[PDB]
Structures are given as C-alpha cells and as structure tokens.
Amino acid sequence: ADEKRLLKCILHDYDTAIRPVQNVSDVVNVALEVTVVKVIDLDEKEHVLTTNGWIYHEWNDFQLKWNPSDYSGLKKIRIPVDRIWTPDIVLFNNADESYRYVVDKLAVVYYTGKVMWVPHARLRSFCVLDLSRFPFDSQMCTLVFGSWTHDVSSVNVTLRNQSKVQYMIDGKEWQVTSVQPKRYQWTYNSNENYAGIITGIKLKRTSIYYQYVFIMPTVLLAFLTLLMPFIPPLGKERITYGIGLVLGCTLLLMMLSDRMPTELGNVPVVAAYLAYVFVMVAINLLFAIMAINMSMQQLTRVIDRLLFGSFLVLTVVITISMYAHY
Amino acid sequence: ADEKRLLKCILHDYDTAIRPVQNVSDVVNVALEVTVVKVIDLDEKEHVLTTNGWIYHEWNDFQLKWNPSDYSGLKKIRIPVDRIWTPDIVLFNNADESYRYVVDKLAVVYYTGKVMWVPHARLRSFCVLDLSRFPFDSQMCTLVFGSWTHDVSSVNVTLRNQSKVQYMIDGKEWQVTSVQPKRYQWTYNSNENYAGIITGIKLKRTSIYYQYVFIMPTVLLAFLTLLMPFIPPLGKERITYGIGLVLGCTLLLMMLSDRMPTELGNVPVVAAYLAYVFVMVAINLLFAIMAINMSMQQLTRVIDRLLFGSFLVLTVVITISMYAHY
Amino acid sequence: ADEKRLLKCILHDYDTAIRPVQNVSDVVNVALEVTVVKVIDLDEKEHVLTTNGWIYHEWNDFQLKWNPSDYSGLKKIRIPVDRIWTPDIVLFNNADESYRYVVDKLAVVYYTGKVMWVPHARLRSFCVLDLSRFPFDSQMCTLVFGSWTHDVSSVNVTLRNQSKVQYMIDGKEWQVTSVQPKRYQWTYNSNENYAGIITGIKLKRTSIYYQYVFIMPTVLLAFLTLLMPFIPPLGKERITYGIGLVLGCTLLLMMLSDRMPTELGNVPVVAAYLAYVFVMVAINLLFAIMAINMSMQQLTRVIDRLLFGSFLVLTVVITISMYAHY
Amino acid sequence: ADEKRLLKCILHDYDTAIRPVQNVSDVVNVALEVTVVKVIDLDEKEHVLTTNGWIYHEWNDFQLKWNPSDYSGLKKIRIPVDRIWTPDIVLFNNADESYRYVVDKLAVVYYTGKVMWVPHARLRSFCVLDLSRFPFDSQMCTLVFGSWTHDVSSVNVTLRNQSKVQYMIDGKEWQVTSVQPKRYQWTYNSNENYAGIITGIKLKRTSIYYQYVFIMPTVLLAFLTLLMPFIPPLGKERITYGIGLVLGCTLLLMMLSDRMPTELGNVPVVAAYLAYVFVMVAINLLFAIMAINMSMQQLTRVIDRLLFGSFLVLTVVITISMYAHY
Amino acid sequence: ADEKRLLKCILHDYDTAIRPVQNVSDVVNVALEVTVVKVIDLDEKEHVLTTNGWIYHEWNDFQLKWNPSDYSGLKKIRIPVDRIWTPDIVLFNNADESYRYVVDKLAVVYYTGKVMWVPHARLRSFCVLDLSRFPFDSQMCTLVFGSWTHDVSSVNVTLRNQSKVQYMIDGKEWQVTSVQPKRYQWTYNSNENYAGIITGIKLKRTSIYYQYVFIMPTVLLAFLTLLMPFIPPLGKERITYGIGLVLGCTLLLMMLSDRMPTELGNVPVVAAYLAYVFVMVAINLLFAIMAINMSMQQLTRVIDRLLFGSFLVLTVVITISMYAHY
Ligand SMILES: *[C@@H]1O[C@H](CO)[C@@H](O)[C@H](O)[C@H]1NC(C)=O
Ligand SMILES: *[C@@H]1O[C@H](CO)[C@@H](O)[C@H](O)[C@H]1NC(C)=O
Ligand SMILES: *[C@@H]1O[C@H](CO)[C@@H](O)[C@H](O)[C@H]1NC(C)=O
Ligand SMILES: *[C@@H]1O[C@H](CO)[C@@H](O)[C@H](O)[C@H]1NC(C)=O
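So the protein sequences, as listed, match chains A, B, C, D and E.
For the first sequence, this note's numbering begins at 1090 and goes up steadily by one.
For the second sequence, this note's numbering begins at 1090 and goes up steadily by one.
For the third sequence, this note's numbering begins at 1090 and goes up steadily by one.
For the fourth sequence, this note's numbering begins at 1090 and goes up steadily by one.
For the fifth sequence, this note's numbering begins at 1090 and goes up steadily by one.
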C-alpha cells in the first residue's frame, strides 16, 4: 500500500481551484507544445479545419514535492485530471460547440513537481483560405492556444525549450507542413494584457480529385466552343451545338456551386474560367445568329475567320495564364 | 498557504442558490456586455446566425467582502463558477438544443465584490432577414439577452458603463458592424415585468459568390433570349434554341431552389428575374410557333421587329430597375 | 442572514423523490400551461415540427411551507429543481433522443405552495401533415403532454385556471394559430388510467417560395405542351419540341422529389399535375409519330384540331379544379 | 411523514450494484415486453430503423420486503432509477452512441416487490431490408434484446405471462405488424452462455410517393422508346429523339442512385427496369444508325416492324412478370 | 447478505487511481482482443469506418482476492467500472469526438482477480483507401489500440493466450475478413517507450450498387460512341448526336463526382474511363466538324472507317485491360 499513502499524504488539503504557486505575486511558467498527427477534413463551406493531435503541457507544482529515496522511487505517478489542478488554455478559434477532450483523464507527475500531461483531441478550427489559386493553392492555417479566464498575472504560456518537432506529414489528399510556433502578446483590453501561442500549418492540396474532375471538362467544353464557327450557318445544328454547350456549361456551373463554397473571398480561377467560356458562348452564339440572319454574296467567311483567329489567341493566352499558376 | 486560507474562511456557508444581496428586498444591479469576435455562418434555410463571442457580467457580492490590506494584497482571485453564485441570464432565441458554454468554468473575483466573469460561446440565434434585396441585402440581426427564471424584482440587467465599443470586424464573406445595445421593458405577464438587453448587428454581404453563381449566367442568357427572335422560322432551330433555354432555365431554377431558402418573405429579385426570363421564353416560343404556323406574304418582318423592340425596352427597364439596388 | 437560515430549516430532509402530498391517498392538482413563442421548422421528411416555447407548471407542497409575516416577508424564493421535487411531465412524441431542457435549472416558489416553475425548450414533436392540399394546406399539429411513470392515482395534470392565452404569433413563412388545450383520459393499459393534455396549432402555409418554385414552372410547361399541336410534323422540330418537354419534365420531377419528402399520405396536386403533363407528352408524341408516319391524305388538320381542343378544355377544367382549393 | 420513513428504512444498506437476490446461487427472474408505438423512419442508406417504443420489465426485489398493514397501506411507491438496482438489458443492434432513454428516471415498487419499470425510447436498430421486391416488399426485421454485461448465472430474461400483444400500429406511410417475441439461449462457449429476446416487425411500405416518382417516369419513357421506331430515318429527328431518351434515362438513373441506397443486396427491380430500358435505347439507336447508314431501296420497313413486334412483346412480358408479384 | 459483506470488505481503501500492482516497479500484463460483430459503413469521403464491435480485456488485481470456499463459492461478482481501476486503452484513430462506450458500466471479476470486462462500442476508425481498383477493390484497413496516458513502465498491452478468432463475417454489401492481431512498440519519444495492438480487416466490396450505377451506363455509352461515326456528316444530326453525348457525359460526371469521394489519392479507373470517353467525344466531334466543313470527292469514308477501327481497338484493349484484374 505505497501509492495509497502517497495519495493520502499529497491530497491532504488539495483544492482543485487554488493557483498552484508558492508566492502569490509570482507567476508560473506554463509550457505548451502542440503537435498535429493527421488532417481529417477541410470544409471550406464554413472555413472549418478538423485535424487530430496532442498538446504537451509542463509546469512545476509547488505543493507536489516528495523524496523518492525513502519512498522506493516511483517518481512517476498517474493522477486523474479531476483530482489535480488543470490549466485553462484552450483554442481561441475552436469550431466545436463544446471544447471536448479525448482520453484527457489522467496526467503523470514527477517527484520534482514536473507534470508531463499530454491531452489529445481532434481540434476543429477556422483559418482563412485563398481560393484564387484553387485548386493549385497553398492555403495556410493557424492554430492558436491561450487562456481567457486568467491573464499573465497568473500563468506564463511559454514554448518548449526543445523544438525538434520539424516533421512533414504528407497524406494521400493533403500535405501538412509544420511551422515553428511563436509567442504573441494578445491584448484583451487597455488595463489587462493576455498571451497566446501561434503555430502554422502549410496545407498543400495534393488531391488530384478537384482539378481532375473540374478543370478537365471545362477545358474540353472550351475546346468544343473553339470549334463552333467551323460549322456552316446553314447546317441547322450550329445553334443547336451552341445551346448544347450552354446546357453543359450550366451543368458545370451548378456542380461547381454545389462544391465550391458559398463563403468566398476572391473569385476562384476555375469559376472565372467557366464564366469566361460562358460569355465566350454568349458572344459566339450572337455572331452565329448575326451570320445566319444576314445570310437570308455571303461574305461571312472573312468574318468568322477573323473571329476564329481572335478566339484562338485569347483562349491560348488565357490557358497559358491559368497554367502558369500550376 | 494564503489563498487556501481565503477559500476556507470565505466559503464557510456559501450556498449556490441564495441571492447575493444584503437587504432581502433590495435587488442587485447586474451589468451585461456582449461582444461578437467573428461571424461563422448565416444560414437562411432556418434564419440561423452562428457567431462566436463573449459575454461580460458584473455584480457586487455582499458575502464576498474583505480587505487587501491585512490579507497581503492579492485582490485578484480565480474561482470556478460551480462554487459561486451564477446569474441565470441567457439568450432568448438560441438555436442550439442546449445552451452550451465554452471555457465557462472560471471567473475572477475582487475584494470589493467585482466579478468579471467572461463566458465565451458560439451563439446561434434567430433574426428576420429581408430577402427582397437578396443577394444585395443588408439584413439586420438582433442578439438579445435576459432572465427567464427571475424578473426585475430580483436583479437589474444594465449595460456596461463604457459604451464606446464601436469596433469594425470584417470577414472574408460578410462584414459586421456593431450597434450599441439598449435595455427594454419586456412583459412576460400583467403582474410581472422583465428586462431585456438587445444589440444590433449590421450584416452586409461582402461575398462575391452569389452574384457570380446566379446573376451573371441568368442575365446573359436573358440577353440571349432578347436576341433570339432574329432566327428565321424556316431554320427549324427556333424551337430547339428556345427549348434549350427552357432546360437551362429549369436547371438555374433547380440550383436557386437548392440554395435560396424555403423560409421566404418577399420574393427575391433574382428569383423574380429568373421567373421573368422563364415567361420570356414561354412568350417568344408562343410567338415563334404562331409565326411558323402562319408561314407554312412575308408579314413576320414587322411582327418580329416590333417584338424585338418591345422586349428590348422591357429588358433594359428591368435591368436598370434591378441594378438600382446596387 | 435570513434567507440562509430559511433554506437550512426548509431543506432539512426534503428528498427529491417523495410525493409532495399530505395524505398518501390524496393526489396533487398539477396544472400545465404550454405556450409556443416562435416556430423554427416543419420538416415533413419525418413529419417533425420544431417550435420553441415555455411550459407553466403548478403544484402544491404541504411539506414545504413557512410564514413570511414574522420573517420580513420575502415570499418569492428561487430554488433550483435539483433540490426540489419535480413532476415527470414529458411530451409524448418528442423527436430529440433526450427530452432536454433550456434554462430550467431554477424555479420560483411562493409561501403557500404555488411554485411558478417555468421551463423553456425547443420542442420537436410529431404530428400528421395533410399533403393532399399542399401547398395550399392547413396541416394541424398536436402537442400532447403527460406523465408516463406514475398515474392519476399520484398526480392530476389539469389546466391553468384562466385560459386567456389566445395569441396570434404568425411568422414570415408560416401562420400559427393557437387552439385552447383539452384534457383527455388517456389509458396506459386496461387496469391503469392516465391523463393527457393536448393543444392544437393551425399551420397556414404563407411561404411564397414553394408556389413560385413549383406551380409556375409546371403550369407554364403544360401551357407549352398545349402549343405543340400547331407545329407541322414535317418541320423536323415537333419531335425535338416534345423531347425537350420530356427532359424539362424529368428535371422538374427530379428536383420536386428532392424537395417534396418521401413520407407522404395522399398524392399531392403538384405530383398529379406533373404526371398529367407527362401523359400529355406521351400522347402528343404518339400522335406526332402517327402523323409523320402517315405523311412519310393530309387529313391531320381535323385530327390535331380536335386534339388541341380536347386537351385545352380538360387542362383548363383541371386547373380550375385545383385552383378551387386555394 | 410516512413515505419518508419508508425511504429511510428501506434504503438502509442498499447499494446500487449488488444483485437483488437472497440465495447467492439463485438467479432473479426478469421479464421483458417491448412495444412499438410509432415508427420514426427507415433509412436504408445504413439499414437503420428508428422506432419509438417502450420496454416493460419484471423482477422481484429481495430487499424490498415489507407489509402495508402496519404502515397505513401505501402499497405504491415511486423510486428513481439512480438509487435502485436496474437490469442491463440492451438492444443488440442499437445505432446511437449511447443507450439513451426518455423519462427513465422513476419506477414503481410495491410491498410484494414488483416493479413496472417502463422506459420509453426512440430505438435506432439495425435490421435487414429486402429491396429486390421494391416497392411490393414484406421485409421482416427484428429487434433483439439481451444482457451483454452479465450472463445467465445472474438473471433469467423471460417474457410476460400475459402475451395479449395482438395490436397493429397502422400508419399513413408505413404499416407495422407485430410478431410475438421469442427467447433463445445464446451460446458463446462452454464456460459462458447468453440469452436473447426477439421481436419481429413486418414493414408494409404503404408510401405512394415511391411508385409515382420512380415507376411512372420509367414506364412512360419505356412507352416512348417502344413507339419511337415508326419515326423514319430520313426525318433527321430519330437520332435526336433517341439521344433525348438517353439524357432522360440518365437523369432517372442519377435520381434513383441519389434515392436508392448504396448499401444494396440484390438489384432493385425498378433499377433493373431502368437499366433495361436504357440498354433498350442503346440497342434501338444502334439499329437506327445502321439503317440510316445503309439508307445512303427502303428495306427498313420489315426490319423495324419486326423490331417493334419483338421489343413490344418482350416489354409487355417483363412488365407483367414484374407486376405478377402482387 | 454475504455479497454486501464482500463489497464492504474488498472496497475498504480502493481508490480509482492507484495502479493495481503488488510491486510498484512491476508492471501488469494486460491482454486485449478486439472483435467486430458487424460493420455499419465505410465512407471514403472522410476515410471513416463505422463498425460495431467489442473489446476483451484481461488483467489481475492484487487487491481483489478472496477465498470462495469460506464464502459459499460465488467467485463471479459484477462490479461497475466507475468504482474499480480501469485501463485507459483507446483507439489511436477514433473519429467520434468522445471515445464513447455502450453498456460498458459493469464488469464481472473472479476470485483469482481475472477480470471479464466486456465493453462494446460502435468504433469509428480511420481507413486508407486504395481506390485504384475502385470499385472492384480489396482495401484493407486497420484498427490500433494503445495506452496514451501511461506507458510500458505501467502496464503491458499483450494478446490472449489463444488467437482462434478466424471468423468470416460476410455482409450483404461488404465482406469482412479478420486478420490476426499483432503487437508493435509505439514510440512517443526517444526516452519513453509505448505500445500498440494492431488488427487488420480485408474489405471486399460485395455491393452491386456501384457497378450497376456507373460502369454499365459508361460502357454502353462508350459502345454507342464507338458506333456513332457511321452517321453521315450531312445528316444534320451528327453534331446534335455528339452534343447529346456531351450533355449525357456531363450529367454522368456530375453524379459520379457527387458520389465518388472528394478525398482521393490515385484516380479511380471509372473516372479515368469517363474522362477518356470525354476525350473520345471531343476527338470525334473534331473529326466530324472537319468532315462537314471539308464536304463543302467525298473521301471522308476512308477517314472515318480508319477512325472507327482505331477507336474500336483502343476501347476493346483498355476494357479488357481493366476487366482482367476482376
Ligand atoms: C515569461 O513572460 C516573459 C514576459 O517578460 C517572457 O519574456 C518569457 O517568455 C516568459 N518566461 C521567462 C521568465 O523567460
Ligand atoms: C436599474 O438600472 C437602471 C438603468 O436602466 C436604473 O434605473 C437603476 O440603476 C436601476 N433601477 C431599477 C431598479 O430599474
Ligand atoms: C383532480 O382534482 C380534481 C379537482 O377538481 C378532481 O375533479 C379529480 O378528482 C382529480 N383528478 C382528475 C380525474 O381530474
Ligand atoms: C427462466 O429460464 C429458465 C432456464 O434458465 C427457463 O426455465 C424459463 O425459460 C424461465 N422460467 C423460469 C422461471 O424457470
């Protein structure tokens, strides 16, 4: 019954609310180390990013102190979080309604007072997404941790001394690159001062699904539109061909609107290209109608030749411009 | 060993339900200050607005009275909400099934009794939206707080003394402007009266998603329907081209219905425009079928000339009318 | 103080399970008064109706009593439900997995056992919806409450003394009419007798999106189908016109099915009209194929004239028949 | 008070974990009676069935032994579930993460010791659906209950002595037919054995939406495909009309895939019919293209006449075979 | 009354945090065995696998020890886990926000200390999808359990003495094949040592939904696109028929993208085949336009004959190449 007597002696008058400090004026240097292990989802409909990971907490505890020489060693003791003081550091921009936790019900404590508590959670946060380069984009995400209840006058949110956590987690659909965290002084008001720890996650859209399913049909229908003027106006299918392109392009517009989120910043390049081929269809149908109703000598040959050349040059320049980004 | 002494000597017989007032007949002038920090979503499908923010409360505690002179200063103390009396003020029209909380497990207390409890939560509320101006609308939202358990005979929901809280919080899809809150005399019944705190949120749609997705294709194919009747009846393509507009406009109606909500006030201007180009296609198909039936001397020239002119003038007037909004 | 000693004296041995009655054989006249404040949704996919509101609970408490006269009055005391006996009155047809409560952790009680506990909740209930008149329907909804643990031999479940609760809270998408509640003698089994309190809500469909998204396109597409007999079969576009209507009607049925739910009673009028216009496309394509086969003497004039007349007259009679509902 | 004396003297040493048995080797006779009152939904996408119901139990309590003669009657006592022993009966195929209950916080108890502990809940069970006979299907599926925690050495899991459970819960969208429950002696291994209670539900799919949304469009387009071959190849509309059927049938396939679940056993007959008419379109387009190719004397009259005859007879025979189930 | 005596004697000083070991340095050999009873679903959109199953634990307890000979046998005693020390075994890749359990609040223990805790849960794990063979794939995926709180210095996560768990749980939509679990030494860092238990599952997609939904329409439209170039360019329907293919393929791509998940690694063969028939329709529209505008002697017969030969041979070779694997 050794651990039992340790629990009895060290839970003598231990309240779970008192600040674990020796001097009331002094603060406690609380360390933090966030580490994401995998990305689950990135839903741009609400700019929500859900990735699982673990947070590493350190703080020396004044009352937690004992000698292992006469206590048969056993320097590491596992104590549930409910019976021990718990830091209040949370995510500023959590997306979940309640800040839930996973297997965060047990923490290890050392004889000196060092506590290697390692909570794990599936963090859901918000980050700003640059949809202009979509899908060939490099949208950064930011994960920021800090305390809202107490201020710097209580605790000192610092970084780990050892920062050898420069890993690269590449997935089958998204590439995650870690960024060295920094400490910034958040300001809550003029009188009171706060603190925060920011870390960066490079998101690389390595999933071929988006570009392969979207841009390929758009460029194909652009190819079809490029060939419209070769059809003679008398074929009675020129208008039908163009209106078929109209229906197809509306179909791609609808699917893109279903997929590409309502919460939008700058216009996406794929949406701009689709709208550009859409006005392409508008203009070339207009010219086809002009040719056919002018027919009823037919000099439409020069007209649609210079027409075709103009669309050749403009389509090739827009295609190279959009390809230069990738 | 001092803070523990304060907790031992100040929580002697402190219940979690007794009103913290000295005179039983007297009420407490409880303060309130809400502040939204970021907008998450505005789903008009149920008129739900989800924004994260923080609420600020103040009330002097008669029981929690002591002097910092003889207790070695330390006027700032952190006590969990579970061990202290808690105001019951909540939000009237919350959308969540349970009125959840985030990091609302610790509050600060002073020597006088000044308690700056700062809960944070992602509030989901309801407010009426003016869809007549959709998507170029500036639909107000209302965030309102009050007490459902007790009435003015118990507390006094007042505002923060500092009212210069005019901040400019803009997002990537909406821009948010704060309005200074006001206190109103709510009436639960004839005998008893309650208080309410109401604040206004200017939501201005800065997202470019709606316009590019809906209006541009619709307006350009409205232009196409404007220019369609130049096709001769004998070309055997007027019916096909018009029915292609029929299919395309039905697809646009489908996507708008999937997006534009069921809960509707006045008809949206975009929906009205789409229905009007739909009846446009109906009418010009009518006229084209009548003309082709009559053809099978050349009396259709005047008919479709006046047709084209009349639809030019009505299309230009409707376009300027809808553009006058923005 | 005064409140503290009163709570100490009145919560000596008050269990949260003993029936608050003086005579064991006697029952307690528990009164209920439900009041809806706003409607959230009517999801006909599972015939679920979600509306927020508050319930007014009344019962006596012989065990809990005092004399305020010698105790400086103060007859109004707020006590959380966790420390007081609580009726088990629940909704019969709740949709949530757990019958949750909102800000119902405090109840006001007076001196002579007339506690005024007012729980609030967003009730999600089940009620039959009459889709035969959709969208011009008046689907009644029913909210029924009672006790399932104990029977009339324990409690009463009566109504409030005054019934002046005839409020007209109509929304921007639904019109809500309250109906005065009634008490009915529910039976739990043959041996035991129970009670139920039922209130009715008249739901008037005032949403305009439904009709402007469904009836207008179907009615004008039926109109367009009425135009096709004028086109000569030899024009090679009559078949194209008919197949275009076929595709349009298929799309129309598709998003109608996507919107109009699976759980259904009598067939909706819009579905009947859609099936009708499908029957028209079938019949008139049949006759067009017959005419074109005959052409490739010219007696189709009388045939399609009588076809056109019969179709127009029966279409107009069914349209006025369905218009008679609204 | 008297009931307070009962509670004090009957929970003197009552733990909420000890088996309520007198003899250690003896087991306790627990009964079961499950009754469904209203089905919520049947989502075949995950083979989940949400039905609202209640569960009735019987077990004598050795501790709850006393006589009402000396205690002034009072043979009906209300005891909350938290302070009393409860069986661990659980549905084997629940879908909710937690075995949630509704108003399961109170039970009755008598001097004999019988308990009408009757929780109500919305059970989301897993049961197999035979989609081959859609919509003319009679798919039985079952709810099975048991004790996964403890084994037969503790309890008995029997049925009610009175099995007068011949009640039919009729609905406007689904008909529920109850089957008498059964008991099986589950065998894990030589050392451990279990038990299970079975209730069977006949699901009559009385919803009329499914037929009007799926069979009607498919059969009408089958009629059009059957009657198309009269269109002469020289009309230049046969190919367009057939490809219009292609588009329509693809749209039907897409809507069926959206509705008819991914989790599938045998192919649905409606899906088979749609695929068969779609390959019908493919085959007769093949023949039409071959005929128009060989056109440039008209030998196609006999060819497409025998085509029409063969395909009409096969279509009518497959339709009557499909309908012969009823 | 002996069971209560046993509980009183064996729960004297049993805390829920003390490691249940005799020697503090010594660890406890904890054995584990996971077993899936039924798979719910495999959603590749988020790479989530929902499988109903149960976990089997083994560990001795130094404190829990008694002689059944002097206590009238009764070596099997059910105690809830809320009062007994419990290992913190957790899935590494759980998808649920909370690692919830189903009816796992009771465990029977033996006199020797051998514990039969039998938790059941709906495990939501992460699975990697090798969608190269989609849908005819054999995507194995794994479930791994470990101790994230404490390390090997506390307990030893081992396996059972026997591993005769070679069961074949076939479903109507998916075939589940268990794989013998293994033990791998997870490393939290260089200094500390952790452990992990891994199990694998062969997932055979026995569902016939995907093939009938996607491959049959794709293959037959590819066949008819193969056979279409027999249409003469002057028939005025070749362009119309090709654009009909364009529209149909666009709808099919839309529905496939809506169904086939966004989270993708390598391209599925079905999506590749659809894109390749898109390339096919683009190419033959190119050549059809070339033929029609070169018609305005007619040597296009050789051109489209060799065209037809080239596409037939490439299509047959690619189809047999993709079919040979299955
Ligand atoms: C504590 O906060 C101080 C603020 O001056 C900061 O510089 C540092 O990161 C923290 N730790 C120390 C004492 O170095
Ligand atoms: C409550 O606050 C109000 C400010 O609106 C002010 O009249 C006074 O301080 C208090 N009086 C009451 C009890 O209304
Ligand atoms: C409830 O009390 C009322 C008092 O009017 C009485 O009529 C009845 O006995 C009680 N229960 C019923 C059946 O309403
Ligand atoms: C209890 O189960 C036993 C078998 O263990 C069997 O006789 C019967 O089904 C049940 N009835 C009783 C009380 O014997």
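The C-beta atom is built at its ideal place from N, Cα and C for all residues, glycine as well.
Cβ of residue i within 7 Å of any heavy atom in ligand 4?
i               : result
residue 1272(D) : yes
residue 1241(D) : yes
residue 1139(D) : no
residue 1282(D) : no
Look at the alpha carbon of residue i and the alpha carbon of residue j, and state the distance between them as a whole number of angstroms.
i               : j               : result
residue 1112(D) : residue 1286(D) : 26 Å
residue 1358(D) : residue 1341(D) : 14 Å
residue 1293(D) : residue 1225(D) : 8 Å
residue 1151(D) : residue 1160(D) : 19 Å
residue 1332(A) : residue 1356(B) : 29 Å
residue 1144(D) : residue 1122(D) : 6 Å
residue 1284(C) : residue 1290(C) : 20 Å
residue 1392(B) : residue 1409(A) : 47 Å
residue 1127(C) : residue 1212(C) : 11 Å
Examine ligand 3 and report whether any of its heavy atoms sits within less than 7 Å of the Cβ of residue i.
i               : result
residue 1116(C) : yes
residue 1247(C) : yes
Taking residue i as the reference, give the member of the options with the closest Cα.
i               : options                            : result
residue 1197(C) : 1281(B), 1233(B), 1409(B)          : 1281(B)
residue 1403(A) : 1312(A), 1377(A), 1385(A), 1374(A) : 1312(A)
residue 1223(E) : 1350(E), 1143(E), 1326(E)          : 1350(E)
residue 1400(A) : 1337(A), 1386(A), 1319(A), 1388(A) : 1319(A)
residue 1137(B) : 1094(B), 1121(B), 1228(B)          : 1228(B)
residue 1379(D) : 1094(E), 1220(E), 1115(E), 1321(E) : 1321(E)
residue 1108(C) : 1165(D), 1347(D), 1220(D)          : 1165(D)
residue 1194(A) : 1171(A), 1213(A), 1130(A)          : 1171(A)
residue 1190(C) : 1394(C), 1202(C), 1207(C)          : 1207(C)
residue 1269(A) : 1278(A), 1257(A), 1275(A)          : 1257(A)
residue 1323(B) : 1389(B), 1117(B), 1168(B)          : 1389(B)
Would you verify that the beta carbon of residue i is, or is not, closer than 8 Å to some beta carbon of chain G?
i               : result
residue 1191(C) : Of the protein chains in this structure, namely A, B, C, D and E, none is chain G.
Within the stretch 1269-1346 of chain B, note down every full beta strand (DSSP E) run reaching 3 residues or more, in order along the chain.
Here the runs fully enclosed are 1283-1294.
Please specify which runs of the alpha helix (DSSP H), each continuous and at least 4 residues long, are wholly inside the stretch 1124-1200 of chain D, giving them in chain order.
Taken in chain order, no unbroken stretch of alpha helix (DSSP H) lies wholly in the stretch 1124-1200 of chain D with a span of 4 residues or more.
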